[PDB]
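Residue numbers (the entry's author numbering), protein chains in the order written: chain A, 188 to 421; chain B, 188 to 421; chain C, 188 to 421; chain D, 291 to 421.
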Amino acid sequence: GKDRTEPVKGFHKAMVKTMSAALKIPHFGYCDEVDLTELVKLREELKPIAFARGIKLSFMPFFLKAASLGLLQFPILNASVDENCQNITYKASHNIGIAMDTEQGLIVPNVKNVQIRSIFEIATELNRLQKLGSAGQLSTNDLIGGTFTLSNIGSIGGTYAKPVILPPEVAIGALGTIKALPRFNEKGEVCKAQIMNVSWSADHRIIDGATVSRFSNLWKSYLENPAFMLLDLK
Amino acid sequence: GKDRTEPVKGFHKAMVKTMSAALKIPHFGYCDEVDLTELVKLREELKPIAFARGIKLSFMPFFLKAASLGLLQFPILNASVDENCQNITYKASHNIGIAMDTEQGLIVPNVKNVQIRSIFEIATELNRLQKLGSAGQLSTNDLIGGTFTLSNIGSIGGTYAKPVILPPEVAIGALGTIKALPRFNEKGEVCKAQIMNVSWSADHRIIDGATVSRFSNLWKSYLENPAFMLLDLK
Amino acid sequence: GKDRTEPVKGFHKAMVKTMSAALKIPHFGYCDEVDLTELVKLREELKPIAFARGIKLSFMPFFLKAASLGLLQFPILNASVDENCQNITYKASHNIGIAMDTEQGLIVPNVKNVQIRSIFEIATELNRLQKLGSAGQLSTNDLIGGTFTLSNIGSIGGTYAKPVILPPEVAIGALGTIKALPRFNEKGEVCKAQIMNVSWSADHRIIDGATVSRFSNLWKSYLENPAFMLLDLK
Amino acid sequence: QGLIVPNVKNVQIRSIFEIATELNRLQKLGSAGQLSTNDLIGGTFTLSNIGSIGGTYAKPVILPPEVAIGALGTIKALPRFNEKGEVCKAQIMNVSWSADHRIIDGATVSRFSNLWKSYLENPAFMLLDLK
Ligand SMILES: CC(C)(COP(=O)(O)OP(=O)(O)OC[C@H]1O[C@@H](n2cnc3c(N)ncnc32)[C@H](O)[C@@H]1OP(=O)(O)O)[C@@H](O)C(=O)NCCC(=O)NCCSO
Ligand SMILES: [Cl-]
Ligand SMILES: [Cl-]
Ligand SMILES: [Cl-]
Ligand SMILES: [Cl-]
């Protein structure tokens, strides 16, 4: 009915600072679609094992394990850059951020050392972070040390996106809604395919188009063909 | 023929100033597709009535009314921030800008108080703004006071886009070309769907992903299910 | 399993500088899908004439010639602006850059004077630039004078992208992976269509949405209907 | 107690949803015998939903000093032709208007009924002008 001016205060002040700092990063965008038909089936077969263990298993633990496997081949995506992009710190831990918005705005807790965790341990840790997130009881150690982020915008809606990189990280992916679409198979028959879009932003001062693209193709081959993941897990 | 250097002058200076000011806004992109099969059919039913009343009825009056209804639920999308983004002004009037290009460049008049205007009054005012716009006759009061912008790039071409936010607004949507695509219905049969893409940009210092995504899903439910709009209009 | 700090040095310094200068450009993005079914067929028929002449003929020569044709109608897209964007230099030569990542190296050699070259001459020069490109032997003259850029990300992967404009240029296009998708023909029958995505970025200080979109529609008509190119070539 | 005719105030500035809200409120009070004076007075036009129980057509009695009343019959599925000429399931409802013919002529009641019916047969017609 009438205009109203309000302070930006509290835990809101941090998104202002974080996003302002991201203006120093020249964002390159690269996007793709990934055929999740096989993963959808896989997850349905694994759901009762996870539920029998008291864990909810979404698609995120798969996306995270695949990003970790890709980041081992393209370690420059799990790196940080200094004040005027003069030196690159290759970071060994894959502490991968889960962007969540609470009844308080943006919170980005991370799963620590994804590289040494099984898909099941990741699911476990995701459930612990969601439980604390929704309670507003995430601790400092859950929030610091992030090295890469994924934003599952599709748990709510969307296709493509242009996510903003979280300084001092150099990359972020946004995942869209998994949707059944008509797609051709090998024999050229119109089939039901479970398609998801992915939108990557990368700091183009240090990350070139080919690196993000090859990383993305690798992440994508692991999800399209989850058996590729098996080959090198211990 | 040979290189020719040339002053940017007169009205062309304003887009330079406007777009350069937009560099201060950390843009977040969120996109989606909307199924407009039912709206396309509905617009065909209404076309003859609007025509009898001397109005061209396009899709815009629908997009605008659905945007207004969505903004009632997500009022922070119809708001401004100050230089530092220290304070937010929630703006009560939905003065929704219509980006148009003329030979002197970018011109964004707005429809005042969309929230108390019907789809037919919105179409009338759009028609008035287009005529004036093309004749170079927009008033100062047609141009000032905008609180939110839509850009129908799809009147010319395109699917997705990354629109630039117009300070001091915090969000803008770009609408792509409505195109027929093969999509599944609930029976799981390949049907002819009229699909349109939407691309929202939002000032990420104060707007998080969930807000823009929930707003978008609401706008989109009103357009996919126009019955939804009827429930709360008077 | 330890972090490692490493200087950015050598030809890695140049991408930092270029991409940081690009932060001063307010990027507008505009995207589309192009139906390349006829072109895929056309290239297949020319491929054997190309081989006989000792030339590999990809899609890029077609993309390059159609861009040069559109740039003739929309010369503002082949222009540069100054520091504070007070003067436009319309550049006569179409020196179209081909963004390449080597092992080096974001490197962007260009095809000089595309406006006076046949598709086969463009393919010849592309082959030369690819040969020297992969040997790290591209010369200074191959690298300078660029006026517009295309980035074939789809040689590796992708659908849409957000490419970064290369100062002092005002536009860049990124081309996604050509992929067969079910699409309707005029009869409303589900056909196999070779679809490619294009993502344009343009300096919205001097380039409006209508210009990039009409240019894109023109480029796209030339590729969807390659007969249109025949009419006006000499 | 027999006949009770509360009314919804100023329908012209109310949404379908606010009208539903007021109907529920009036139904609830009506059935507790708790309708207020204000609920009961000021009526300008009346509808009687006979079809909540049964019926097709009816002859409703106008309520002085109003000039018109409509009675709504039971909605039911009847075989009807589409525009192709195929036999379709159609949900058919009858409406019966009574109007004071000293001042309301037949063209007025018919034209009003045709407009009322257009809005219900084609609901998007309501979308056009609601705010
Ligand atoms: C915290 C979290 C990432 C966790 O996501 P998650 O691990 O998928 O868990 P969830 O939300 O409980 O998922 C529940 C259901 O949604 C489904 N789902 C999740 N992501 C999906 C996607 N991209 N597409 C389709 N379905 C999805 C899951 O399959 C699950 O389905 P069932 O209940 O049928 O098994 C998510 O809830 C969230 O907050 N994401 C929002 C991202 C965001 O807000 N980013 C904005 C950008 S800037 O502020
Ligand atoms: Cl940028
Ligand atoms: Cl940004
Ligand atoms: Cl910008
Ligand atoms: Cl598609």
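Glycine included, C-beta positions come from ideal geometry on N, C-alpha and C.
Asked	Found
Counting contacts by CB-CB distance shorter than 7 Å, is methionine 383/D in contact with chain B?	no
Once DSSP output is grouped into helix, strand and coil, what is the label at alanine 279/B?	coil
Determine the chain C residues that contact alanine 348/B at a beta-carbon separation under 7 Å, and present them in chain order.	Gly216, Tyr217, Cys218
Tell me the start and end of each unbroken beta strand (DSSP E) in the stretch 313-343 of chain C that is at least 3 residues and wholly inside, in chain order.	335-338
Tell me whether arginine 370/C sits in a helix, a strand or coil according to DSSP, three-state version.	strand
Does the beta-carbon distance from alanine 286/C to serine 338/C come in below 7 Å?	yes
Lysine 407/B and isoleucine 382/B - do their beta-carbons sit closer together than 7 Å?	no
Taking 7 Å as the cut-off, decide whether the C-beta atoms of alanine 209/C and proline 355/A are in contact.	no
Per DSSP, what are the beta-bridge partners of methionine 287/B in this structure?	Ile294/B
Consult DSSP for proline 262/C and reduce its assignment to one of helix, strand or coil.	helix
Compare the beta carbon distance of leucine 417/D and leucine 417/B with 7 Å and say whether it is the shorter of the two.	yes
Along chain C, which residues have their Cβ under 7 Å away from the Cβ of residue 442/A?	The displayed coordinates of chain A run from 188 to 421. Any statement about residue 442/A would go beyond what the structure contains.
Run through chain A and tell me which residues come within less than 9 Å of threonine 276/B, C-beta to C-beta.	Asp190, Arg191, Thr192, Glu193
Can you give the beta carbon distance from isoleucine 343/B to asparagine 404/C, rounded, assuming they're within the 8 Å contact cut?	7 Å
Indicate, with yes or no, if ligand 2 has a heavy atom lying under 6 Å from the CB of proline 350/C.	no
Counting only C-beta atoms, is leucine 259/B closer than 7 Å to chain D at any point?	no
Going by beta carbon distance, what residues of the same chain come within less than 6 Å of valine 399/A, once the five residues before and after it are set aside?	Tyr217, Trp387, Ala389
From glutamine 291/B to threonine 224/C, what distance separates their C-alpha atoms?	38 Å
Whole angstroms is fine: what's the gap from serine 326/A's alpha carbon to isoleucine 275/A's?	28 Å
Using a 10 Å radius around the Cβ and a threshold of 16 neighbouring Cβ atoms, would you call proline 235/B buried or exposed?	exposed
Compute every distance between the C-beta of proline 213/A and the non-hydrogen atoms of ligand 2, then say whether any falls below 6 Å.	yes
Can you list, in chain order, the residues of its chain whose CB lies under 8 Å from that of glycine 332/B, leaving out five sequence neighbours each side?	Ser280, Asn282, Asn297, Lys299
Check the Cβ-Cβ distances between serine 408/D and every residue of chain B, and say whether any is below 7 Å.	no
Thinking just about the alpha-carbon of each residue, which of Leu420/C, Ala414/C, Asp419/C is nearest to the one in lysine 228/C?	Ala414/C
Could you compute how far the alpha carbon of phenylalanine 249/B sits from the alpha carbon of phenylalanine 402/B?	16 Å
Since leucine 210/C meets chain A, which of its residues come closer than 8 Å, beta carbon to beta carbon?	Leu210, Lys211, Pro213
What would DSSP say about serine 403/B, mapped onto helix, strand or coil?	helix
Can we count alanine 209/C as close to ligand 3, meaning its CB is less than 6 Å from some heavy atom?	no
Using DSSP with H/G/I as helix, E/B as strand and the rest coil, what is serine 386/C?	strand
Using only the alpha-carbon positions, how far apart do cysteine 378/D and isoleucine 303/B sit?	39 Å
Please determine, among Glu193/B, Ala358/B, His391/B, the residue with the shortest C-alpha to C-alpha distance to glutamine 273/C.	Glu193/B
Whole angstroms are fine: how far does the CA of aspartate 419/C sit from the CA of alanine 253/C?	12 Å
Work out the CA separation of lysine 278/B and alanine 266/B for me, nearest whole Å.	5 Å
State buried or exposed for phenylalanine 335/C, treating a residue as buried only when at least 16 other CB atoms are found within 10 Å of its CB.	buried
Using the C-alpha atoms, what's the distance from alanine 237/A back to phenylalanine 307/A?	8 Å
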